[PDB]
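*Asks:* Attaching a single structure in structure tokens format; questions to follow.
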2 protein chains.
Amino acid sequence: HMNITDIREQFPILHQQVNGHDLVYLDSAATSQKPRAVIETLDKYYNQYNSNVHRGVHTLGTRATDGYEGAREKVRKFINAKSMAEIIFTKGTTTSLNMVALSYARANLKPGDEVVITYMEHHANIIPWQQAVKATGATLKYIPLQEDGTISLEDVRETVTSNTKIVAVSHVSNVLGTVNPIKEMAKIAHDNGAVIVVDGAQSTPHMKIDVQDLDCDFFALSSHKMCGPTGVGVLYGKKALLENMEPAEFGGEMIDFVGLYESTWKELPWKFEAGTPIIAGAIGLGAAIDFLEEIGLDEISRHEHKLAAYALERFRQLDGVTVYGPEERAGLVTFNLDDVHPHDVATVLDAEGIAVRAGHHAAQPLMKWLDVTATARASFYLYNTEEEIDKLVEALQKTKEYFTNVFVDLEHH
Amino acid sequence: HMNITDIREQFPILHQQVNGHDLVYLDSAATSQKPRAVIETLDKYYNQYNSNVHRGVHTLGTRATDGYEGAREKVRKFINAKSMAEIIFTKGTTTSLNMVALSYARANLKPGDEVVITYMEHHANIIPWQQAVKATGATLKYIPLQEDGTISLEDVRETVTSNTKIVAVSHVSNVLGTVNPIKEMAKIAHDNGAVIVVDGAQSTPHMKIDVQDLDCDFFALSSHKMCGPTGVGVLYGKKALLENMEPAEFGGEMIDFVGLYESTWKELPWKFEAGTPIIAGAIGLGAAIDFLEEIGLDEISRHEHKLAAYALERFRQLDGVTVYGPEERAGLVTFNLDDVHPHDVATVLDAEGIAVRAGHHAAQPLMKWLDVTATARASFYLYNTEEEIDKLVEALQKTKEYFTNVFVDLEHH
Ligand SMILES: Cc1ncc(COP(=O)(O)O)c(CNc2co[nH]c2=O)c1O
Ligand SMILES: Cc1ncc(COP(=O)(O)O)c(CNc2co[nH]c2=O)c1O
């Protein structure tokens with residue numbers, strides 16, 4: 001099994017105090033921390049072999065090109081795509097989903113067509129579709145949720161019709177922890193003549209992804225949530241769909257011939273990568289994938305199952321706390337204390353060294369569905385332990401007691 | 001003055017050999033090398049204060065947010081913009097120019113309108129306009145060049161008309177070294193009712209930029225050419241134009257309210273930054289700007305003037321070599337040897353440790369204007385010396401002699 005002491009030794013940032021208390025970082029659904037292997041990969045790139053790529057002209061240029069395209073093959077293997085032509089490097093999940101909405105949706109929707117999403121989506125997998133349907137005169141529809149914040153395949157079958165052209169859905173929700181039944185939803189979409197676009201930002205860092213098992217048409221993910229550098233992501237798309245989509249950005253590197261008025265494009269995947277690419281960040285994401293693969297995604301998923309079952313049990317020990325979403329879940333808990341605003345919960349916890357996030361988590365329609373204005377969220381990854389969950393629940397108990405005390409004191413004035 | 005020995009000590013990558021010879025890196029117009037101050041800024045971020053930004057919830061989150069928005073203010077001051085609302089972080093110059101073509105051009109062009117560019121443009125400042133004019137039924141026109149590869153203001157006045165809505169032009173050409181008269185061209189555009197979009201990728205690393213003197217409406221630049229990390233750039237636009245342009249990408253972070261079907265946007269600049277941003281890379285670009293400012297952009301420009309006047313003189317000592325572009329120029333020389341393909345020149349030079357680039361330099365219409373299929377380019381920056389120019393011209397002389405020798409030997413068979 002994975003040894004959590006040995007894993008934590010690899011993350012320099014965990015070893016410090018905040019406000020006089022050891023840091024307890026429980027905000028990896030907002031962004032993850034990085035191991036030495038990734039930070040030293042960036043250092044070795046800038047100290048030894050930085051150059052621009054795809055010249056084949058000089059020695060450092062060749063080294064940088066081999067590093068960048070090597071990282072593309074690491075991503076391909078990591079999500080079990082069939083080809084490097086299906087792996088496009090982007091700035092992040094949000095840009096990957098925008099590319100699909102601009103190049104696929106805006107080119108393939110007409111009045112009467114539908115895009116189907118769900119109430120639990122993150123804004124990155126809502127607003128691009130709102131705009132693409134507005135641009136095309138198509139219709140946006142929402143799959144409803146069950147009362148525990150899961151999706152039933154009967155509701156999917158009801159909402160998706162033979163006029164649906166695109167179903168877009170998260171693999172795992174960054175608020176509910178729900179793992180959605182994507183392989184079954186891809187069957188339903190395809191049976192109705194639609195493609196499925198999967199927002200993989202919260203699944204890819206935490207569980208194995210196999211796009212040939214899922215059969216998703218597009219899948220998007222972000223490096224900064226999976227121990228890799230900021231500023232980089234991937235869009236996977238089945239090669240036959242990418243071949244027919246036009247580029248979302250235009251420039252150098254993605255062309256073959258440029259005349260005064262007309263140009264032709266390079267083959268995939270470079271068609272979709274305009275400009276000097278994100279060279280160091282993509283090589284660092286390759287290092288993150290080597291790091292996670294050496295531990296094992298199934299080992300990390302098993303650890304997070306342990307931490308989430310422990311947290312849900314310990315949260316049920318607290319009076320006056322509501323947890324949103326299903327019992328079977330990814331490694332996060334979003335909650336509120338009955339009489340304390342979640343921002344004040346996050347502030348008090350940060351004074352005890354503990355980092356969580358409060359707000360809408362970029363899911364305003366979901367907060368409205370939950371009937372709340374904001375929530376607090378503790379989210380876990382491979383470097384967190386049950387002792388840190390103990391600290392969190394002990395701090396929530398003291399938070400409850402503190403706010404009730406100030407209430408009672410103020411009661412006289 | 002700047003001491004080049006002390007400056008070179010700050011760039012670890014320069015201190016190595018390639019093919020048994022000290023590296024001589026003369027390819028900074030393709031990408032620049034980074035000083036310790038920038039690489040250690042990225043290390044300190046990932047080792048100490050990485051977190052997602054714009055929560056205001058927990059201590060590391062606040063540190064990362066202060067670093068990211070602090071770097072925005074460093075960029076503002078660095079190009080003398082009036083406000084941080086005018087500084088948008090992007091993935092690079094190519095994406096910045098694409099944002100203008102998508103959000104400004106596609107929204108403001110109609111049949112009969114013109115976009116005016118020049119024959120010397122890089123593809124990143126050609127293809128987006130080709131696509132925007134195609135999408136809108138507008139017209140693309142080209143300002144012609146003088147025979148030394150400069151632009152005359154009379155040709156600008158002739159080509160720009162009262163139907164012109166956008167003039168897009170490079171500040172400095174990455175092939176000719178020409179510095180274009182942007183402040184005068186911005187007057188001409190504005191006199192005709194157009195905006196001017198300036199491609200600053202090759203000017204910003206090498207000379208002071210003052211967008212209030214230039215009066216450009218939009219200005220785009222790339223971190224990786226100015227000692228900063230890969231994957232980041234900036235788009236500057238005058239605040240009154242950005243206020244009226246819609247976003248180019250949609251998602252979390254750039255919204256204020258999201259309903260099921262409609263959303264509203266945040267104020268500038270965050271309106272144009274969808275998704276988790278390029279946090280480490282933007283903080284590293286802030287470090288690059290602090291590094292360059294401590295040396296002085298005018299000092300770096302004076303050094304490069306020295307190196308370019310030295311190189312042009314030493315190239316004129318070589319028989320059988322053609323240099324393209326004007327005598328008064330930025331710090332690069334693009335050339336060809338009369339009877340040797342530029343790819344073979346670059347290969348031979350790399351065997352002597354010397355890195356240059358051969359090909360079309362993402363300027364195919366310019367190569368056609370020059371009547372060549374490809375060229376070789378040696379480009380300079382603050383860490384290069386006249387001794388490295390001596391090495392280059394000595395290697396070109398030996399290249400000439402080598403290819404003539406193989407020619408003569410093969411002459412019998
Ligand atoms: C499910 C999901 N979709 C899309 C995104 C957008 O990814 P980005 O482009 O890398 O920002 C995120 C990141 N969500 C969060 C980022 O900070 N707290 C979060 O919950 C997400 O978790
Ligand atoms: C004048 C100019 N415009 C735009 C670009 C595109 O900038 P990017 O988006 O950062 O790639 C470059 C980079 N030009 C070169 C990149 O490699 N050799 C070059 O000459 C350029 O020099």
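*Asks:* If the elastic network links every pair of Cα atoms under 10 Å, which of A:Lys74, A:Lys110, A:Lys225 fluctuates the most in the Gaussian network model of chain A?
*Replies:* Of A:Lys74, A:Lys110, A:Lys225, the Gaussian network model singles out A:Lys110 as fluctuating most.
*Asks:* Right, here's the next one. Taking the Cα atoms only, what angle lies between the long axis of helix A:386-412 and the longest principal axis of chain A, rounded to 10 degrees?
*Replies:* Result, in degrees: 50.
*Asks:* Taking amide H atoms as placed 1.01 Å from N in the peptide plane, list the residues 5 or more away in sequence, or in a different chain, whose amide H sits under 5 Å from that of A:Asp27.
*Replies:* A:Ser379
*Asks:* Report the antiparallel proportion of the DSSP beta bridges in the stretch A:102-211 as a percent, rounded to a multiple of 5.
*Replies:* In the stretch A:102-211, DSSP labels about 5 percent of beta bridges as antiparallel.
*Asks:* Now a separate question. If I model a spin label at A:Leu260 and A:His1 as a point 7 Å from the Cα along the Cα→Cβ vector, what separation in nanometres do I get?
*Replies:* Those two pseudo-labels are separated by 7.2 nm.
*Asks:* Let me ask something additional. Just to be sure I understand: with springs between alpha-carbon atoms less than 10 Å apart, which residue in B:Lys91, B:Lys238, B:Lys77 has the highest mean-square fluctuation in the Gaussian network model of chain B?
*Replies:* Answer for the Gaussian network model of chain B: B:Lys77.
*Asks:* Restricting the count to DSSP beta bridges whose residues both fall in chain B, what percent are antiparallel, rounded to a multiple of 5?
*Replies:* Here the antiparallel bridges make up roughly 60 percent for chain B.
*Asks:* Would you mind giving the mean number of other chain beta-carbons within 10 Å of the Cβ of each residue in A:355-361, as a whole number? Spell out each step's value before the answer.
*Replies:* On the way: counts 7, 3, 6, 4, 4, 3, 1.
Partner Cβ neighbours, averaged per residue: 4.
*Asks:* Can I ask one more? Between A:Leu153 and A:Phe407, what FRET efficiency follows from the Cβ-Cβ distance if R0 is 41 Å, with the result rounded to 0.05? Numbers along the way, then the final one.
*Replies:* Details: r = 46 Å, r/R0 = 1.12.
Efficiency, from the Cβ-Cβ distance: 0.35.
*Asks:* Charges on Cβ only, +1 for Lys and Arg, -1 for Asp and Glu, centred on the Cα centroid of chain A; of A:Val372, A:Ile88, A:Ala355, which one is farthest towards the dipole's positive end?
*Replies:* Comparing the listed Cα positions along the dipole, A:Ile88 ranks first.
*Asks:* Ordered by residue, what ³J(HN,Hα) values in Hz, to whole numbers, does the stretch A:83-89 give under the Karplus form 6.51 cos²θ - 1.76 cosθ + 1.60, where θ = phi - 60° and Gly and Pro are x?
*Replies:* For the stretch A:83-89, the Karplus-derived couplings read 9, 4, 5, 8, 10, 10, 7 Hz, x marking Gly and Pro.
*Asks:* If you take the square roots of the eigenvalues of the alpha-carbon gyration tensor of chain A and sort them as a ≥ b ≥ c, do you get rounded (a/c under 1.5), prolate (a/b over b/c) or oblate?
*Replies:* Details: a/c = 2.13, a/b = 1.33, b/c = 1.61.
It is oblate, given that a/c is not under 1.5 and a/b is not larger than b/c.
*Asks:* For label points placed 7 Å from Cα toward Cβ, what is the shortest-first list of nm distances from B:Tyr261 to its copies?
*Replies:* 4.1
*Asks:* Order the peptides A:81-87, A:293-299, A:127-133 from the highest to the lowest mean number of other Cβ atoms within 10 Å of their residues. It would help to have the intermediate numbers written out before the result.
*Replies:* Numbers: A:81-87: 18.4, A:293-299: 13.7, A:127-133: 23.9.
Per-residue Cβ counts within 10 Å, averaged per peptide and sorted highest first, yield A:127-133, A:81-87, A:293-299.
*Asks:* Could you pull the copy-to-copy label distances for B:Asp215, with points set 7 Å along Cα to Cβ, in nm to one decimal and sorted shortest first?
*Replies:* 6.3
*Asks:* OK, next. Which ³J(HN,Hα) values, rounded to whole Hz and listed in residue order, are derived for the stretch A:326-336 from phi using the Karplus coefficients 6.51, -1.76 and 1.60 in 6.51 cos²θ - 1.76 cosθ + 1.60 with θ = phi - 60°, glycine and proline given as x?
*Replies:* Computed from phi, the couplings for the stretch A:326-336 are x, 6, 7, 7, 5, x, 7, 9, 9, 8, 9 Hz.
*Asks:* 7 Å along Cα→Cβ for the label point: how many nanometres lie between A:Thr322 and each equivalent label in the other copies, listed shortest first?
*Replies:* Ordered by distance, the counterparts are at 7.7 nm.
*Asks:* Sticking with this one: Choose one answer from B:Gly259, B:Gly149, B:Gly70: the residue with the largest mean-square fluctuation in a GNM of chain B with alpha-carbon springs under 10 Å.
*Replies:* B:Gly259
*Asks:* Using modelled amide H (1.01 Å from N, peptide plane; none on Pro or chain starts), what sits under 5 Å from the amide H of B:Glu253, excluding residues fewer than 5 places away?
*Replies:* The answer is B:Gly275.
*Asks:* What is the average number of partner chain Cβ atoms found within 10 Å of a Cβ in A:97-104? Display every interim value, and only then the final one.
*Replies:* Numbers: counts 5, 7, 1, 0, 2, 4, 0, 0.
Going residue by residue through A:97-104 and averaging, the value is 2.
*Asks:* Here is a follow-up. Find the relative contact order for chain A and round it to a whole percent, using C-alpha pairs within less than 8 Å whose residues are 6+ positions apart. Intermediate results must be reported in sequence, preceding the final value.
*Replies:* On the way: 789 pairs, mean separation 90.3, N = 413.
Relative CO of chain A lands at 22 percent.
*Asks:* Please list the non-local residues whose amide H lies under 5 Å from the amide H of A:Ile354, H modeled 1.01 Å from N, same-chain partners needing a gap of 5 or more.
*Replies:* The list, which skips near neighbours in sequence, is A:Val24.
*Asks:* What list of ³J(HN,Hα) couplings, whole Hz, do you get for the stretch A:272-289 from phi and the Karplus terms 6.51, -1.76, 1.60, once you set θ to phi - 60° and write x for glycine and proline?
*Replies:* The phi angles translate into 9, 10, 8, x, 4, x, 8, 5, 5, x, 5, 5, x, 5, x, 4, 5, 4 Hz.
*Asks:* Follow-up question, since we're still on this one. For helix B:59-79, report the angle its Cα long axis makes with the longest principal axis of the Cα atoms of chain B; keep it between 0 and 90° and round to the nearest 10°.
*Replies:* Here the helix axis deviates by roughly 60 degrees.
*Asks:* Rounded, prolate or oblate for the protein assembly as shown? Axes are the square roots of the Cα gyration tensor eigenvalues, ordered a ≥ b ≥ c, and the cut-off for rounded is a/c under 1.5.
*Replies:* Prolate is the answer for the protein assembly as shown, as a/c is 1.5 or above and a/b outweighs b/c.
*Asks:* Right, something else. Averaged across the residues of B:59-71, what count of C-beta atoms belonging to other chains lies within 10 Å of each residue's C-beta? Let's see the in-between values first.
*Replies:* Numbers: counts 9, 10, 7, 1, 1, 2, 0, 0, 0, 1, 0, 0, 0.
What the average comes to for B:59-71 is 2.
*Asks:* In addition: Using the basic label-point model (7 angstrom from Cα toward the beta carbon), what is the B:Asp290 to A:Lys239 distance in nanometres?
*Replies:* Result for the modelled spin labels: 4.7 nm.
*Asks:* Also, quick follow-up: Could you point to the residue in A:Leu26, A:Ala105, A:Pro12 farthest towards the positive end of the stretch A:1-109's charge dipole, with +1 and -1 charges on the Cβ of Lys/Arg and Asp/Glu respectively?
*Replies:* Farthest towards the positive end: A:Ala105.
*Asks:* Return the FRET efficiency for the residue pair B:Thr322, B:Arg36: r is the Cβ-Cβ distance, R0 is 30 Å, and the value is rounded to the nearest 0.05.
*Replies:* Details: r = 39 Å, r/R0 = 1.30.
Rounded to the nearest 0.05, the efficiency is 0.15.
*Asks:* Give the angle, between 0 and 90 degrees and rounded to the nearest 10, that separates the Cα long axis of helix A:182-191 from the longest principal axis of the Cα atoms of chain A.
*Replies:* The angle comes out near 50 degrees.
*Asks:* Compute the Cα gyration tensor for the stretch B:1-156, then decide on rounded, prolate or oblate, letting a ≥ b ≥ c be the square roots of its eigenvalues: rounded whenever a/c is under 1.5, prolate when a/b is larger than b/c in the other cases, and oblate in all that remain.
*Replies:* Oblate is the answer for the stretch B:1-156, as a/c is 1.5 or above yet b/c matches or exceeds a/b.
*Asks:* Pairs of Cα atoms under 8 Å, at least six residues apart: use those to get the relative contact order of the stretch A:74-195, whole percent. Let's see the in-between values first.
*Replies:* On the way: 173 pairs, mean separation 28.4, N = 122.
Contact order relative to length: 23 percent.
Values in this text are rule-based calculations from the coordinates and carry no lab data. No Cβ is skipped: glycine too gets one built from the backbone with ideal geometry, and neighbour counts run over all protein chains shown.
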